[PDB]
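Below: entry.pdb (PDB, N, CA and C atoms and all ligand atoms)
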```
MODEL        1
ATOM      1  N   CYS A  47     -12.891  18.013  10.684
ATOM      2  CA  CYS A  47     -12.918  16.561  11.064
ATOM      3  C   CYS A  47     -11.854  16.098  12.087
ATOM      4  N   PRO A  48     -10.619  16.669  12.062
ATOM      5  CA  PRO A  48      -9.698  16.328  13.174
ATOM      6  C   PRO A  48     -10.141  16.903  14.531
ATOM      7  N   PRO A  49     -10.545  18.194  14.584
ATOM      8  CA  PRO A  49     -11.433  18.585  15.684
ATOM      9  C   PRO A  49     -12.841  18.092  15.353
ATOM     10  N   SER A  50     -13.612  17.695  16.364
ATOM     11  CA  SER A  50     -14.936  17.101  16.130
ATOM     12  C   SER A  50     -15.889  18.084  15.438
ATOM     13  N   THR A  51     -16.034  17.909  14.122
ATOM     14  CA  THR A  51     -16.924  18.719  13.287
ATOM     15  C   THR A  51     -17.660  17.771  12.334
ATOM     16  N   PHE A  52     -18.506  16.925  12.919
ATOM     17  CA  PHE A  52     -19.163  15.827  12.198
ATOM     18  C   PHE A  52     -20.230  16.349  11.233
ATOM     19  N   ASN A  60     -21.247  13.240   5.302
ATOM     20  CA  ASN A  60     -20.910  12.560   6.551
ATOM     21  C   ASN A  60     -19.401  12.573   6.823
ATOM     22  N   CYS A  61     -18.982  13.421   7.764
ATOM     23  CA  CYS A  61     -17.591  13.485   8.238
ATOM     24  C   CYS A  61     -17.474  12.750   9.573
ATOM     25  N   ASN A  62     -16.431  11.926   9.710
ATOM     26  CA  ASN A  62     -16.182  11.132  10.923
ATOM     27  C   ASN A  62     -14.731  11.368  11.417
ATOM     28  N   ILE A  63     -13.990  10.301  11.750
ATOM     29  CA  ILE A  63     -12.629  10.405  12.295
ATOM     30  C   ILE A  63     -11.628  10.358  11.133
ATOM     31  N   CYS A  64     -10.586  11.187  11.202
ATOM     32  CA  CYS A  64      -9.585  11.264  10.132
ATOM     33  C   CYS A  64      -8.641  10.063  10.127
ATOM     34  N   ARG A  65      -8.330   9.579   8.924
ATOM     35  CA  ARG A  65      -7.305   8.553   8.724
ATOM     36  C   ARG A  65      -5.922   9.165   8.958
ATOM     37  N   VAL A  66      -5.011   8.374   9.528
ATOM     38  CA  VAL A  66      -3.625   8.794   9.780
ATOM     39  C   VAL A  66      -2.677   7.993   8.874
ATOM     40  N   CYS A  67      -1.822   8.706   8.136
ATOM     41  CA  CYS A  67      -0.893   8.113   7.169
ATOM     42  C   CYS A  67       0.550   8.198   7.676
ATOM     43  N   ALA A  68       1.052   7.092   8.224
ATOM     44  CA  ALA A  68       2.377   7.041   8.849
ATOM     45  C   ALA A  68       3.177   5.832   8.374
ATOM     46  N   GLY A  69       4.478   5.857   8.663
ATOM     47  CA  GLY A  69       5.383   4.755   8.352
ATOM     48  C   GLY A  69       5.582   4.614   6.858
ATOM     49  N   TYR A  70       5.119   3.497   6.305
ATOM     50  CA  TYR A  70       5.186   3.264   4.859
ATOM     51  C   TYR A  70       4.101   4.021   4.088
ATOM     52  N   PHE A  71       3.136   4.602   4.807
ATOM     53  CA  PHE A  71       2.140   5.498   4.223
ATOM     54  C   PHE A  71       2.445   6.967   4.514
ATOM     55  N   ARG A  72       2.141   7.828   3.546
ATOM     56  CA  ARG A  72       2.120   9.275   3.746
ATOM     57  C   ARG A  72       0.805   9.825   3.208
ATOM     58  N   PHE A  73       0.554  11.107   3.453
ATOM     59  CA  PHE A  73      -0.708  11.748   3.065
ATOM     60  C   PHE A  73      -0.759  12.081   1.574
ATOM     61  N   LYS A  74      -1.740  11.513   0.874
ATOM     62  CA  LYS A  74      -2.052  11.892  -0.512
ATOM     63  C   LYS A  74      -2.991  13.096  -0.518
ATOM     64  N   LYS A  75      -4.044  13.016   0.297
ATOM     65  CA  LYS A  75      -4.959  14.131   0.544
ATOM     66  C   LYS A  75      -5.090  14.352   2.050
ATOM     67  N   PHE A  76      -4.918  15.600   2.489
ATOM     68  CA  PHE A  76      -5.074  15.962   3.903
ATOM     69  C   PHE A  76      -6.545  15.947   4.313
ATOM     70  N   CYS A  77      -6.787  15.738   5.606
ATOM     71  CA  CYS A  77      -8.143  15.745   6.162
ATOM     72  C   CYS A  77      -8.661  17.184   6.255
ATOM     73  N   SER A  78      -9.953  17.357   5.985
ATOM     74  CA  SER A  78     -10.638  18.642   6.155
ATOM     75  C   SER A  78     -12.062  18.389   6.643
ATOM     76  N   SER A  79     -12.798  19.465   6.918
ATOM     77  CA  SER A  79     -14.196  19.376   7.374
ATOM     78  C   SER A  79     -15.119  18.645   6.388
ATOM     79  N   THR A  80     -14.838  18.786   5.092
ATOM     80  CA  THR A  80     -15.635  18.165   4.029
ATOM     81  C   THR A  80     -15.276  16.701   3.713
ATOM     82  N   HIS A  81     -14.010  16.304   3.897
ATOM     83  CA  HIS A  81     -13.541  14.967   3.469
ATOM     84  C   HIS A  81     -12.437  14.344   4.338
ATOM     85  N   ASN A  82     -12.422  13.009   4.370
ATOM     86  CA  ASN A  82     -11.421  12.212   5.096
ATOM     87  C   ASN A  82     -10.059  12.263   4.387
ATOM     88  N   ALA A  83      -8.988  12.027   5.145
ATOM     89  CA  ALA A  83      -7.630  11.950   4.588
ATOM     90  C   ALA A  83      -7.406  10.651   3.811
ATOM     91  N   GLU A  84      -6.610  10.748   2.745
ATOM     92  CA  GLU A  84      -6.273   9.618   1.873
ATOM     93  C   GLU A  84      -4.766   9.376   1.892
ATOM     94  N   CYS A  85      -4.368   8.111   2.023
ATOM     95  CA  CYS A  85      -2.954   7.740   2.076
ATOM     96  C   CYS A  85      -2.417   7.289   0.715
ATOM     97  N   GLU A  86      -1.108   7.444   0.547
ATOM     98  CA  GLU A  86      -0.351   6.859  -0.562
ATOM     99  C   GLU A  86       0.888   6.222   0.049
ATOM    100  N   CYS A  87       1.591   5.399  -0.726
ATOM    101  CA  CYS A  87       2.805   4.740  -0.243
ATOM    102  C   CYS A  87       4.013   5.655  -0.433
ATOM    103  N   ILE A  88       4.985   5.538   0.472
ATOM    104  CA  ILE A  88       6.230   6.306   0.375
ATOM    105  C   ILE A  88       7.041   5.893  -0.858
ATOM    106  N   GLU A  89       7.977   6.751  -1.261
ATOM    107  CA  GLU A  89       8.863   6.442  -2.383
ATOM    108  C   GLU A  89       9.653   5.160  -2.119
ATOM    109  N   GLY A  90       9.794   4.343  -3.159
ATOM    110  CA  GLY A  90      10.388   3.014  -3.046
ATOM    111  C   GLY A  90       9.361   1.927  -2.775
ATOM    112  N   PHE A  91       8.083   2.308  -2.698
ATOM    113  CA  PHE A  91       6.982   1.386  -2.429
ATOM    114  C   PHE A  91       5.790   1.780  -3.297
ATOM    115  N   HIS A  92       4.840   0.866  -3.458
ATOM    116  CA  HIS A  92       3.612   1.139  -4.217
ATOM    117  C   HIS A  92       2.417   0.478  -3.548
ATOM    118  N   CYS A  93       1.223   0.944  -3.899
ATOM    119  CA  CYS A  93      -0.016   0.398  -3.345
ATOM    120  C   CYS A  93      -0.226  -1.054  -3.785
ATOM    121  N   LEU A  94      -0.603  -1.900  -2.826
ATOM    122  CA  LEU A  94      -0.904  -3.305  -3.074
ATOM    123  C   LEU A  94      -2.399  -3.516  -2.830
ATOM    124  N   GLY A  95      -3.153  -3.631  -3.924
ATOM    125  CA  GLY A  95      -4.618  -3.690  -3.892
ATOM    126  C   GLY A  95      -5.234  -2.333  -4.209
ATOM    127  N   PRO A  96      -6.551  -2.305  -4.511
ATOM    128  CA  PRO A  96      -7.221  -1.075  -4.959
ATOM    129  C   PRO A  96      -7.388   0.004  -3.878
ATOM    130  N   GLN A  97      -7.642  -0.402  -2.633
ATOM    131  CA  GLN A  97      -7.806   0.543  -1.515
ATOM    132  C   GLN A  97      -6.488   1.033  -0.892
ATOM    133  N   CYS A  98      -5.363   0.423  -1.281
ATOM    134  CA  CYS A  98      -4.032   0.738  -0.738
ATOM    135  C   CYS A  98      -3.965   0.493   0.777
ATOM    136  N   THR A  99      -4.436  -0.685   1.179
ATOM    137  CA  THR A  99      -4.384  -1.120   2.570
ATOM    138  C   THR A  99      -2.973  -1.595   2.919
ATOM    139  N   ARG A 100      -2.250  -2.102   1.917
ATOM    140  CA  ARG A 100      -0.846  -2.477   2.055
ATOM    141  C   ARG A 100       0.037  -1.758   1.042
ATOM    142  N   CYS A 101       1.321  -1.665   1.376
ATOM    143  CA  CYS A 101       2.348  -1.210   0.443
ATOM    144  C   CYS A 101       3.267  -2.384   0.131
ATOM    145  N   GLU A 102       3.710  -2.471  -1.124
ATOM    146  CA  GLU A 102       4.702  -3.457  -1.546
ATOM    147  C   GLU A 102       5.932  -2.723  -2.080
ATOM    148  N   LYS A 103       7.110  -3.230  -1.721
ATOM    149  CA  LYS A 103       8.387  -2.666  -2.150
ATOM    150  C   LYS A 103       8.507  -2.730  -3.672
ATOM    151  N   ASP A 104       9.023  -1.659  -4.277
ATOM    152  CA  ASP A 104       9.158  -1.594  -5.733
ATOM    153  C   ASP A 104       9.989  -2.771  -6.242
ATOM    154  N   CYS A 105       9.676  -3.203  -7.458
ATOM    155  CA  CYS A 105      10.150  -4.479  -7.966
ATOM    156  C   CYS A 105      11.645  -4.456  -8.282
ATOM    157  N   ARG A 106      12.270  -5.613  -8.103
ATOM    158  CA  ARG A 106      13.677  -5.815  -8.426
ATOM    159  C   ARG A 106      13.841  -6.007  -9.938
ATOM    160  N   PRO A 107      15.088  -5.934 -10.438
ATOM    161  CA  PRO A 107      15.361  -6.416 -11.792
ATOM    162  C   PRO A 107      15.011  -7.901 -11.908
ATOM    163  N   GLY A 108      14.443  -8.289 -13.045
ATOM    164  CA  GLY A 108      13.865  -9.618 -13.214
ATOM    165  C   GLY A 108      12.391  -9.681 -12.869
ATOM    166  N   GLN A 109      11.787  -8.530 -12.579
ATOM    167  CA  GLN A 109      10.359  -8.431 -12.284
ATOM    168  C   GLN A 109       9.784  -7.190 -12.951
ATOM    169  N   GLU A 110       8.458  -7.130 -13.042
ATOM    170  CA  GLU A 110       7.746  -5.918 -13.461
ATOM    171  C   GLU A 110       6.557  -5.660 -12.541
ATOM    172  N   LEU A 111       6.141  -4.399 -12.455
ATOM    173  CA  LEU A 111       4.980  -4.024 -11.650
ATOM    174  C   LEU A 111       3.701  -4.260 -12.447
ATOM    175  N   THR A 112       2.860  -5.171 -11.961
ATOM    176  CA  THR A 112       1.515  -5.375 -12.507
ATOM    177  C   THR A 112       0.486  -4.708 -11.589
ATOM    178  N   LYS A 113      -0.787  -4.776 -11.981
ATOM    179  CA  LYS A 113      -1.899  -4.322 -11.135
ATOM    180  C   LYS A 113      -2.016  -5.135  -9.840
ATOM    181  N   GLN A 114      -1.633  -6.414  -9.897
ATOM    182  CA  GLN A 114      -1.595  -7.294  -8.722
ATOM    183  C   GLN A 114      -0.180  -7.444  -8.122
ATOM    184  N   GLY A 115       0.595  -6.355  -8.107
ATOM    185  CA  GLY A 115       1.935  -6.345  -7.503
ATOM    186  C   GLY A 115       3.063  -6.787  -8.423
ATOM    187  N   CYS A 116       4.216  -7.071  -7.821
ATOM    188  CA  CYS A 116       5.422  -7.463  -8.553
ATOM    189  C   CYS A 116       5.314  -8.907  -9.021
ATOM    190  N   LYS A 117       5.680  -9.153 -10.278
ATOM    191  CA  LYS A 117       5.709 -10.508 -10.833
ATOM    192  C   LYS A 117       7.014 -10.748 -11.580
ATOM    193  N   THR A 118       7.565 -11.951 -11.415
ATOM    194  CA  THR A 118       8.768 -12.372 -12.126
ATOM    195  C   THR A 118       8.503 -12.358 -13.629
ATOM    196  N   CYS A 119       9.493 -11.913 -14.398
ATOM    197  CA  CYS A 119       9.409 -11.963 -15.855
ATOM    198  C   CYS A 119       9.240 -13.414 -16.309
ATOM    199  N   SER A 120       8.352 -13.633 -17.278
ATOM    200  CA  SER A 120       8.133 -14.973 -17.824
ATOM    201  C   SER A 120       9.360 -15.397 -18.625
ATOM    202  N   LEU A 121       9.623 -16.702 -18.653
ATOM    203  CA  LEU A 121      10.780 -17.260 -19.369
ATOM    204  C   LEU A 121      10.846 -16.703 -20.790
ATOM    205  N   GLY A 122      12.035 -16.271 -21.198
ATOM    206  CA  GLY A 122      12.221 -15.620 -22.494
ATOM    207  C   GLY A 122      12.070 -14.105 -22.507
ATOM    208  N   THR A 123      11.771 -13.491 -21.358
ATOM    209  CA  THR A 123      11.723 -12.027 -21.244
ATOM    210  C   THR A 123      12.663 -11.536 -20.140
ATOM    211  N   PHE A 124      12.997 -10.247 -20.169
ATOM    212  CA  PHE A 124      13.889  -9.669 -19.165
ATOM    213  C   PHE A 124      13.542  -8.222 -18.808
ATOM    214  N   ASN A 125      13.946  -7.820 -17.602
ATOM    215  CA  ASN A 125      13.901  -6.416 -17.173
ATOM    216  C   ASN A 125      15.167  -6.125 -16.371
ATOM    217  N   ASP A 126      16.080  -5.370 -16.978
ATOM    218  CA  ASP A 126      17.333  -4.947 -16.324
ATOM    219  C   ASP A 126      17.189  -3.721 -15.402
ATOM    220  N   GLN A 127      16.032  -3.061 -15.427
ATOM    221  CA  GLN A 127      15.790  -1.860 -14.614
ATOM    222  C   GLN A 127      15.254  -2.214 -13.226
ATOM    223  N   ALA A 128      15.649  -1.429 -12.219
ATOM    224  CA  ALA A 128      15.269  -1.664 -10.817
ATOM    225  C   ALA A 128      14.190  -0.688 -10.359
ATOM    226  N   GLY A 129      12.987  -1.208 -10.111
ATOM    227  CA  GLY A 129      11.855  -0.404  -9.647
ATOM    228  C   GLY A 129      11.005   0.199 -10.747
ATOM    229  N   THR A 130      11.387  -0.028 -12.003
ATOM    230  CA  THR A 130      10.641   0.479 -13.154
ATOM    231  C   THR A 130      10.848  -0.430 -14.375
ATOM    232  N   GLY A 131      10.145  -0.119 -15.464
ATOM    233  CA  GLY A 131      10.283  -0.845 -16.727
ATOM    234  C   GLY A 131       9.360  -2.036 -16.882
ATOM    235  N   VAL A 132       9.416  -2.631 -18.073
ATOM    236  CA  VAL A 132       8.556  -3.744 -18.483
ATOM    237  C   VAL A 132       9.435  -4.945 -18.845
ATOM    238  N   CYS A 133       8.918  -6.156 -18.632
ATOM    239  CA  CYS A 133       9.585  -7.371 -19.112
ATOM    240  C   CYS A 133       9.499  -7.404 -20.636
ATOM    241  N   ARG A 134      10.656  -7.452 -21.297
ATOM    242  CA  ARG A 134      10.744  -7.414 -22.760
ATOM    243  C   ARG A 134      11.391  -8.704 -23.293
ATOM    244  N   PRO A 135      10.974  -9.182 -24.491
ATOM    245  CA  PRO A 135      11.553 -10.432 -25.018
ATOM    246  C   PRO A 135      13.053 -10.348 -25.286
ATOM    247  N   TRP A 136      13.756 -11.465 -25.104
ATOM    248  CA  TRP A 136      15.181 -11.517 -25.430
ATOM    249  C   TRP A 136      15.387 -11.189 -26.906
ATOM    250  N   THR A 137      16.496 -10.521 -27.204
ATOM    251  CA  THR A 137      16.955 -10.338 -28.572
ATOM    252  C   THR A 137      17.071 -11.715 -29.231
ATOM    253  N   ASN A 138      16.541 -11.834 -30.447
ATOM    254  CA  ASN A 138      16.610 -13.069 -31.231
ATOM    255  C   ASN A 138      17.798 -12.961 -32.183
ATOM    256  N   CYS A 139      18.926 -13.538 -31.775
ATOM    257  CA  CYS A 139      20.169 -13.476 -32.554
ATOM    258  C   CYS A 139      20.027 -14.092 -33.949
ATOM    259  N   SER A 140      19.342 -15.233 -34.027
ATOM    260  CA  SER A 140      19.106 -15.954 -35.287
ATOM    261  C   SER A 140      18.441 -15.113 -36.375
ATOM    262  N   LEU A 141      17.420 -14.339 -36.003
ATOM    263  CA  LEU A 141      16.736 -13.442 -36.952
ATOM    264  C   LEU A 141      17.637 -12.294 -37.415
ATOM    265  N   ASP A 142      18.587 -11.915 -36.562
ATOM    266  CA  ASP A 142      19.610 -10.914 -36.883
ATOM    267  C   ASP A 142      20.853 -11.499 -37.589
ATOM    268  N   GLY A 143      20.829 -12.788 -37.942
ATOM    269  CA  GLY A 143      21.971 -13.452 -38.584
ATOM    270  C   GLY A 143      23.187 -13.693 -37.703
ATOM    271  N   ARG A 144      23.002 -13.640 -36.383
ATOM    272  CA  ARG A 144      24.087 -13.815 -35.416
ATOM    273  C   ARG A 144      23.836 -15.082 -34.603
ATOM    274  N   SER A 145      24.845 -15.491 -33.840
ATOM    275  CA  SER A 145      24.740 -16.601 -32.894
ATOM    276  C   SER A 145      24.712 -16.066 -31.456
ATOM    277  N   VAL A 146      24.298 -16.912 -30.512
ATOM    278  CA  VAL A 146      24.269 -16.562 -29.081
ATOM    279  C   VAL A 146      25.662 -16.720 -28.475
ATOM    280  N   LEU A 147      26.172 -15.652 -27.858
ATOM    281  CA  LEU A 147      27.420 -15.712 -27.086
ATOM    282  C   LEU A 147      27.193 -15.881 -25.580
ATOM    283  N   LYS A 148      26.192 -15.185 -25.033
ATOM    284  CA  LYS A 148      25.798 -15.327 -23.619
ATOM    285  C   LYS A 148      24.283 -15.444 -23.513
ATOM    286  N   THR A 149      23.812 -16.401 -22.721
ATOM    287  CA  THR A 149      22.386 -16.701 -22.631
ATOM    288  C   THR A 149      21.623 -15.635 -21.849
ATOM    289  N   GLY A 150      20.308 -15.637 -22.031
ATOM    290  CA  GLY A 150      19.432 -14.672 -21.395
ATOM    291  C   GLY A 150      19.055 -15.089 -19.990
ATOM    292  N   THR A 151      18.561 -14.127 -19.228
ATOM    293  CA  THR A 151      18.125 -14.344 -17.852
ATOM    294  C   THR A 151      16.884 -13.453 -17.670
ATOM    295  N   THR A 152      16.220 -13.525 -16.518
ATOM    296  CA  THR A 152      15.155 -12.572 -16.184
ATOM    297  C   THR A 152      15.671 -11.133 -16.055
ATOM    298  N   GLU A 153      16.946 -10.957 -15.688
ATOM    299  CA  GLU A 153      17.559  -9.631 -15.522
ATOM    300  C   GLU A 153      18.407  -9.153 -16.709
ATOM    301  N   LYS A 154      18.959 -10.080 -17.498
ATOM    302  CA  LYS A 154      19.871  -9.739 -18.602
ATOM    303  C   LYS A 154      19.392 -10.279 -19.945
ATOM    304  N   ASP A 155      19.537  -9.448 -20.971
ATOM    305  CA  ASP A 155      19.289  -9.859 -22.343
ATOM    306  C   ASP A 155      20.375 -10.829 -22.806
ATOM    307  N   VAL A 156      20.039 -11.608 -23.829
ATOM    308  CA  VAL A 156      21.003 -12.434 -24.557
ATOM    309  C   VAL A 156      22.042 -11.499 -25.193
ATOM    310  N   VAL A 157      23.300 -11.935 -25.227
ATOM    311  CA  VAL A 157      24.351 -11.229 -25.969
ATOM    312  C   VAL A 157      24.643 -12.022 -27.241
ATOM    313  N   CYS A 158      24.354 -11.420 -28.392
ATOM    314  CA  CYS A 158      24.635 -12.039 -29.686
ATOM    315  C   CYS A 158      26.088 -11.818 -30.086
ATOM    316  N   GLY A 159      26.586 -12.697 -30.952
ATOM    317  CA  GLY A 159      27.951 -12.614 -31.460
ATOM    318  C   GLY A 159      28.073 -11.828 -32.746
ATOM    319  N   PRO A 160      29.270 -11.863 -33.370
ATOM    320  CA  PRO A 160      29.481 -11.221 -34.672
ATOM    321  C   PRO A 160      28.614 -11.809 -35.784
ATOM    322  N   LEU A 161      28.545 -11.094 -36.902
ATOM    323  CA  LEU A 161      27.783 -11.541 -38.064
ATOM    324  C   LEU A 161      28.461 -12.788 -38.630
ATOM    325  N   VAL A 162      27.728 -13.901 -38.640
ATOM    326  CA  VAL A 162      28.293 -15.212 -38.972
ATOM    327  C   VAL A 162      28.432 -15.346 -40.488
TER     328      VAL A 162
HETATM  329  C1  LIG A 201      13.659 -16.571 -33.132
HETATM  330  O1  LIG A 201      12.460 -16.505 -33.919
HETATM  331  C2  LIG A 201      12.375 -17.530 -34.922
HETATM  332  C3  LIG A 201      11.146 -17.307 -35.807
HETATM  333  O2  LIG A 201       9.928 -17.631 -35.123
HETATM  334  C4  LIG A 201      12.383 -18.914 -34.268
HETATM  335  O3  LIG A 201      12.523 -19.904 -35.290
HETATM  336  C5  LIG A 201      13.521 -19.051 -33.263
HETATM  337  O4  LIG A 201      13.358 -20.269 -32.529
HETATM  338  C6  LIG A 201      13.560 -17.854 -32.307
HETATM  339  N1  LIG A 201      14.651 -18.020 -31.353
HETATM  340  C7  LIG A 201      14.700 -17.427 -30.151
HETATM  341  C8  LIG A 201      15.910 -17.756 -29.328
HETATM  342  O5  LIG A 201      13.847 -16.665 -29.724
ENDMDL
END
```
Could you spell out this file's structure in structure tokens?
Amino acid sequence: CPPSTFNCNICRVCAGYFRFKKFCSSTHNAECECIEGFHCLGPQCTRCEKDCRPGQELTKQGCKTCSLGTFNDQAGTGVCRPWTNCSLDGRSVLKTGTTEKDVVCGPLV
């Protein structure tokens, strides 16, 4: 297919933020994937999106901010998880929660 051997047509080129997932051959077209530090945005991978910051998680529709009351301290990986509930643990709140940081509970009251 890169030399004219035509259903085979013209080969896709994977450059920049794209690299080759599957190389082109006589039987099939080349397939792209996103470079490390990036992920496919949409089902066909027409765009790449930068891996998510802390305070976000990777969904099927790209990076999304953690919903209020959840956090993700990891950069480029992990899931938004609920804040520690100090009250259920018999403790009080010493430092409040954020999208990036869990609540810090105090000593046993
Ligand atoms: C902890 O969970 C209890 C039980 O549902 C609830 O009363 C309390 O408001 C919760 N607090 C936080 C900070 O999540």
Residues matched by the PyMOL selection byres (((chain A and resi 116) around 8) and not hetatm) as number ranges by chain: A: 94, 102-106, 109-115, 117-119
Output check: residues returned by the PyMOL selection byres (((chain A and resi 131-148) around 6.5) and not hetatm), as a VMD selection string: chain A and resid 109 to 111 119 122 to 125 127 129 to 130 149 to 150 155 to 162
Under the PyMOL selection byres (((chain A and resi 48 and name CA) around 6) and not hetatm and name CA), which residues of this model are included? Write them out as a compact mmCIF listing (two decimals) with N, CA and C atoms, in the frame of the given file.
```
# COMPACT_ATOMS: atom_id res chain seq x y z
N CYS A 47 -12.89 18.01 10.68
CA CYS A 47 -12.92 16.56 11.06
C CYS A 47 -11.85 16.10 12.09
N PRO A 49 -10.54 18.19 14.58
CA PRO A 49 -11.43 18.58 15.68
C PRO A 49 -12.84 18.09 15.35
N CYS A 64 -10.59 11.19 11.20
CA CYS A 64 -9.59 11.26 10.13
C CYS A 64 -8.64 10.06 10.13
```
Centre and edge lengths, as JSON, for the axis-aligned box enclosing every listed atom of range 123-138 of chain A with 4 Å of padding on each of the six sides, in Å to one decimal?
```
{"center_x": 13.2, "center_y": -6.5, "center_z": -20.9, "size_x": 17.2, "size_y": 22.0, "size_z": 30.5}
```
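Counting only N, CA and C atoms, residue 61 in chain A has the following residues at most 8 Å away, ignoring those fewer than 2 positions along the same chain: residues 47, 51, 52, 63, 64, 78, 79, 80, 81 and 82 of chain A.
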Which of chain A DSSP labels strand (DSSP E), written as an MDAnalysis selection string: chainID A and resid 71:75 84:87 91:94 100:103 109:112 115:118 123:124 134:135 144:148 157:161
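Considering the residues A:72, A:62, A:121, A:100 and counting only N, CA and C atoms, residue 86 in chain A has its shortest atom-to-atom contact with A:72.
Using only C-alpha atoms for every distance, the candidate list A:90, A:126, A:66, A:74 yields A:126 as the residue closest to residue 108 in chain A.
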As a compact mmCIF listing (two decimals), in the coordinates of the input, could you write out range 129-140 of chain A once it has been completed with N, CA, C and O atoms?
```
# COMPACT_ATOMS: atom_id res chain seq x y z
N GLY A 129 12.99 -1.21 -10.11
CA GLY A 129 11.86 -0.40 -9.65
C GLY A 129 11.00 0.20 -10.75
O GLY A 129 10.01 0.86 -10.46
N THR A 130 11.39 -0.03 -12.00
CA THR A 130 10.64 0.48 -13.15
C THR A 130 10.85 -0.43 -14.38
O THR A 130 11.61 -1.40 -14.31
N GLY A 131 10.14 -0.12 -15.46
CA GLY A 131 10.28 -0.84 -16.73
C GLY A 131 9.36 -2.04 -16.88
O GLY A 131 8.64 -2.41 -15.95
N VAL A 132 9.42 -2.63 -18.07
CA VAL A 132 8.56 -3.74 -18.48
C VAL A 132 9.44 -4.94 -18.84
O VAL A 132 10.57 -4.77 -19.30
N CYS A 133 8.92 -6.16 -18.63
CA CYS A 133 9.59 -7.37 -19.11
C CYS A 133 9.50 -7.40 -20.64
O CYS A 133 8.40 -7.35 -21.19
N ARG A 134 10.66 -7.45 -21.30
CA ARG A 134 10.74 -7.41 -22.76
C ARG A 134 11.39 -8.70 -23.29
O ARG A 134 12.27 -9.26 -22.63
N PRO A 135 10.97 -9.18 -24.49
CA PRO A 135 11.55 -10.43 -25.02
C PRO A 135 13.05 -10.35 -25.29
O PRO A 135 13.56 -9.28 -25.66
N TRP A 136 13.76 -11.46 -25.10
CA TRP A 136 15.18 -11.52 -25.43
C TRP A 136 15.39 -11.19 -26.91
O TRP A 136 14.54 -11.52 -27.75
N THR A 137 16.50 -10.52 -27.20
CA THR A 137 16.95 -10.34 -28.57
C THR A 137 17.07 -11.72 -29.23
O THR A 137 17.60 -12.65 -28.62
N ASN A 138 16.54 -11.83 -30.45
CA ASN A 138 16.61 -13.07 -31.23
C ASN A 138 17.80 -12.96 -32.18
O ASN A 138 17.69 -12.37 -33.26
N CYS A 139 18.93 -13.54 -31.78
CA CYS A 139 20.17 -13.48 -32.55
C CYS A 139 20.03 -14.09 -33.95
O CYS A 139 20.51 -13.52 -34.93
N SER A 140 19.34 -15.23 -34.03
CA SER A 140 19.11 -15.95 -35.29
C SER A 140 18.44 -15.11 -36.38
O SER A 140 18.85 -15.17 -37.53
```
